[PDB]
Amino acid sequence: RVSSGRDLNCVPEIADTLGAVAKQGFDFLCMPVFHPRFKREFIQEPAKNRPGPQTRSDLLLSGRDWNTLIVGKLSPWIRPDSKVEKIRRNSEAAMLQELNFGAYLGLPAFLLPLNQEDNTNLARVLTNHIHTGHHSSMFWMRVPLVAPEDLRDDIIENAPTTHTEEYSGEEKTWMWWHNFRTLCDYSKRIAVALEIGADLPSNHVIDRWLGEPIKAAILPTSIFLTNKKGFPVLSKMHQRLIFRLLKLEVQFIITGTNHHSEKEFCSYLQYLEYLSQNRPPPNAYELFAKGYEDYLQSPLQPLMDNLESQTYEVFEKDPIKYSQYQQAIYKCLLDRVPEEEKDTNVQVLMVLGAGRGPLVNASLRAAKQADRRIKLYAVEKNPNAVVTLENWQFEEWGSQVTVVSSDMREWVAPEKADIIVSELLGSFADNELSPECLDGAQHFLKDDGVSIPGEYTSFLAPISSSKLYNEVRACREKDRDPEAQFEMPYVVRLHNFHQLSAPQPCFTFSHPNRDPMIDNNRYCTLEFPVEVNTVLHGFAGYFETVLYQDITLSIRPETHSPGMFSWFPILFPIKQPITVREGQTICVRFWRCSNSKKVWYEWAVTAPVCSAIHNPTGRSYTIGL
């Protein structure tokens, strides 16, 4: 249900303790690998030659035990960033030793604190440990939502707390993390353990951490209200947060003595399980998108490639989209053939990009509903799918359906069409080259001819996600430009992320394109107003299309076609994250460019600073014509 651990700074017997925590329901333990008061000297006799053992043995637990159930904790005395040489040297050596021992034991994670501003030497030292051996043992950074110093009680007469607004100042805790992380070049092994305090900060501060790499929420017993019956409980507002964090799937930790003394530690844990099971069920979308959270996939090119069987299978498992397609045609027919003309007028209906025939099937359900006569073509270039179609037409569709196995740009039609219908649309609307495909097929439309869809429009929104920025960076491949990853779109269920501004339209296309000089090449400038301090990693993409009149589809989260899981959002990354400040505008520029051969996007951020132009000349990414 909810993975959870118990932090403790005192373990007499690792044997005794571990059973207890597990008895109470704790999945894991966070504890010191060396005694937290046990301070060591590494340079000065006599205490340098202190006789061993320097801690308890690995033998005391199974390798399996260490691998699964223990999270190490840096001893609190270790202050690499001390003003005093002797302490800095000794903490350098001690941090290495402790961290080295974590890895000796194969511990899955190790807790280090960001409890002050300057953590430069600490980062330096960890970075060294990381570049020593190849391990996967995560490092959890302990950072508070609120600095201990801005949570003191105002009981110091000579040095009172400043009750002035500190917008920038109450985000200090994030700057701590941001810097440490940046010094460490965004190692995927360095994540956040976010200590939640008594008093939650201003929502803006919590808004910072949305797209940060948080593996842990730390909850001290100190933040627990007591219900009438003496149960441990949390503020209404703390609940909203815990609900948010469950969505981000984090591992809730518990620190502090059992204040609710007339109860087991299970009391605390029970509340979380209680909140968890009380959360709304996963919707249909949420079920489909289960494992694909922040999973980067290459965008499909069903023009230059032929889609697999199972690709078409799943994509047809979207009932809503075909309902919408059926309805658009239903309405178009009634609007094209008067009831007096019903049996005198049969309509020429050409599906351009048929795949395995759900749209053809819906074209059929449209006629039976609207009771008019329809002549069917199924044009499809993937000759594998054409196999499924000609197997259907033979068995069920009969001579109503002429299967045409070709490119719609090739096929010389026996007759012009009343209606053309297509599902040639990517997550950025036009990224599969729906415009070029339907431009080439438009000659075989009657002058009064309709296209479904009549129109589509891309939208773009600036986002912050150090997690997706890291995931993209990870997509480097040998024998290719070391930064090709950054110059290409990815379809992804954006999850651990922060949208910095609501979407704006990017590119629009209308079919038929009666334009005298049709050009699908585009240059667009966008200005996105941002109102928190944040760091831009890339631009999300969605789309909206008009099938016919009021019938439409959208993956735009505000206008989202509900239940429709057929398209995940698109991501245009940038090579270098761009610091943005409250007030500032993010200006992005997008170009759609074409060849005879290929179509591509280029993009640049022109404010608040300039980025390098991305995918220049389609060098890193193109779409085949």
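Note that the rigid core is defined as the largest set of C-alphas that superpose within 1.5 Å between two forms. In case it trips you up, residue 1 is the first one in the sequence shown, and so on.
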item	value
Greater root mean square CA deviation, 214-222 compared with 132-140 in 6 other deposited structures of this protein, core aligned	132-140
Stretch with larger C-alpha RMS deviation in 6 other deposited structures of this protein, core superposed, 85-93 versus 429-437	429-437
Average Cα temperature factor in the PDB entry - higher stretch of 421-429, 324-332	324-332
470-478 versus 393-401 - greater average Cα B-factor per the deposited record	393-401
Selection by C-alpha B-factor (highest) of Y523, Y295, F486, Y271	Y271
Most elevated Cα B-factor in the entry, residues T182, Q97, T173, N258	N258
B-factor third for the C-alpha atom of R37 within its chain	middle
Chain-wide C-alpha B factor ranking for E313, given as lowest, middle or highest third	middle
Chain-relative CA temperature factor third for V532	middle
Third of the chain, ranked by Cα B-factor, where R493 sits	lowest
Third of the chain's Cα B-factor distribution that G583 belongs to, per the entry	lowest
